[PDB]
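Per the entry's author numbering, residue 1 is the first one in the sequence shown, and the count goes up by one each step. Each residue gets a CB set at the ideal place from its N, CA and C atoms; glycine is no exception.
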Amino acid sequence: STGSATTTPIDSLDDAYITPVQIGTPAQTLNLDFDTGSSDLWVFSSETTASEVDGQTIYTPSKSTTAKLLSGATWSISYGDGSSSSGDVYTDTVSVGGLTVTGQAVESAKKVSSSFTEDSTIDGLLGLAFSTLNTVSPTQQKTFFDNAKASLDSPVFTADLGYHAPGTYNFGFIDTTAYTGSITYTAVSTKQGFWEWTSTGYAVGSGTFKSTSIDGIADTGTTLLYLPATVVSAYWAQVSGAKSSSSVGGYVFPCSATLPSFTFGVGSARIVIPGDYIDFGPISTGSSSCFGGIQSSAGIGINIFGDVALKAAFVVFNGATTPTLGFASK
C-alpha cells in the first residue's frame, strides 16, 4: 500500500504545516502537525477542557463506531518549546492520504498548554519519530508509520515541505518526479529515538564550505534551524546589523537586509537553503527588526534540522531494519 497527502503551511511564515487525517468511522477529519521529532498521535477532543479549546476541530470518540477506549492508558508529553498536553487513549482507524491503519492509538487530550489552545489551525500532532519515544503508559504504543510499515510497498515515508506553499507527505514510495539529481543517503542513530544524523559541514552564501561534523535531528515539527553557536555566529556575521538579542530570544536582523543562503552537507552532497527561507519577519507587528530562521542550539542540547532546512530538500525517512535518511535537492 501507499498514501499521499498534501501538507499546508499554517500561516504566511511557514511556522508549521498541517496535513489532513481521517480518524474514526464515519471519518472525522482533523488537521495534524506531522512531527518527525516525536512519537505520539494526539488530538483535541470532546474530552479536552473546554476553556482550552479555541477554534480547533475535535475528535469525538463516542461518534466513531470503531473507537475503543484503551483501558487504563494515559499519556503526557512535553515538547522542546515548553508546550505540553496529556490525556487518555483510544484505538481507532486512522487514514492519511489513502493509507489506512486499523487499531491506531489515538491519544485524546484532556489538557493542552496555552500555545496549543492559541493555535486554532493545529488540531493535534502525528508523531513520526521512533516508537521508543511514545509516552503512553503503562503500555507504550506504536506510531502511525510503525503500524503501517509492513503493509507499505517500501518501508519509507518522505517529506517534501514547501516554502510559502503546500507540499507533500508520501508513505510507502519515493516520487522520483519530486526532486532533482540523486538522493544522498546518510546513516541514522536511533539511540535517542530521533532521526539523528551527522551533517558533513556548511557554507554561508557564496563562501567556502567548512567540513565539520554536525550531529542533529531531522525534525519536521520544529520551525527553525538550530545549530552550534559557532556556525550560527558565522552566518549572522554576514548580515549587516544582525545581532543576538536576549530580550527577543535569538538572532534578529534589519528587515531591510538581503539574507545570504546557507548550505549544509549530506555526505558529499550539498543542500542550499535560500536566504529568503531564513526570514521570519518582524519580531512584533510593525517592527523593522526581523527574526532569524537560523538560531543557536546552545542550551537545547541537540542540533535540530527543522523546517527551514528540510523544506529546501526532498527528504526520505527510510524505516528499513537499519534506518537511514536521504536528502535530494528539488
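Among the options, the one whose alpha carbon lies nearest that of residue i
| i | options | result |
| --- | --- | --- |
| residue 98 | 82, 172, 212 and 139 | 172 |
| residue 35 | 95, 169 and 266 | 169 |
| residue 213 | 157, 186, 85 and 127 | 186 |
| residue 239 | 227, 225 and 255 | 255 |
| residue 279 | 258, 264, 265 and 266 | 258 |
| residue 210 | 313, 262, 244 and 176 | 262 |
| residue 319 | 82, 84 and 153 | 153 |
| residue 218 | 151, 244, 128 and 135 | 128 |
| residue 246 | 234, 231, 84 and 296 | 296 |
| residue 9 | 2, 305, 222 and 328 | 222 |
| residue 68 | 119, 27 and 104 | 104 |
| residue 72 | 205, 140, 43 and 39 | 140 |
| residue 113 | 81, 106, 88 and 101 | 81 |
| residue 241 | 194, 102, 146 and 291 | 291 |
| residue 181 | 313, 32 and 15 | 313 |
| residue 38 | 208, 126 and 317 | 126 |
| residue 151 | 102, 194 and 273 | 102 |
Identified DSSP bridge partners for residue i
| i | result |
| --- | --- |
| residue 221 | None, per the DSSP bridge assignment. |
| residue 104 | 92 |
| residue 109 | 87 |
| residue 7 | 167 |
| residue 22 | 29 and 95 |
| residue 214 | 199 |
| residue 35 | 127 |
Per-residue DSSP class, three states only, for residue i
| i | result |
| --- | --- |
| residue 78 | strand |
| residue 278 | helix |
| residue 313 | coil |
| residue 114 | helix |
| residue 61 | helix |
| residue 252 | strand |
| residue 50 | helix |
| residue 308 | helix |
| residue 239 | coil |
| residue 289 | strand |
| residue 209 | coil |
| residue 320 | coil |
| residue 257 | coil |
| residue 16 | coil |
For residue i, the first and last residue of its enclosing beta strand (DSSP E)
| i | result |
| --- | --- |
| residue 305 | 303-305 |
| residue 269 | 269-273 |
| residue 296 | 294-296 |
| residue 328 | 324-328 |
| residue 245 | 243-245 |
| residue 41 | 41-43 |
| residue 66 | Note, residue 66: premise wrong, no beta strand (DSSP E); not H, not E. |
| residue 263 | 262-266 |
Opening and closing residue of the alpha helix (DSSP H) in which residue i lies
| i | result |
| --- | --- |
| residue 230 | 229-236 |
Exercise. Quick one: complete beta strand (DSSP E) runs, 3+ long, within the region 124-198?
Worked result: 124-127, 156-160, 167-171 and 184-187
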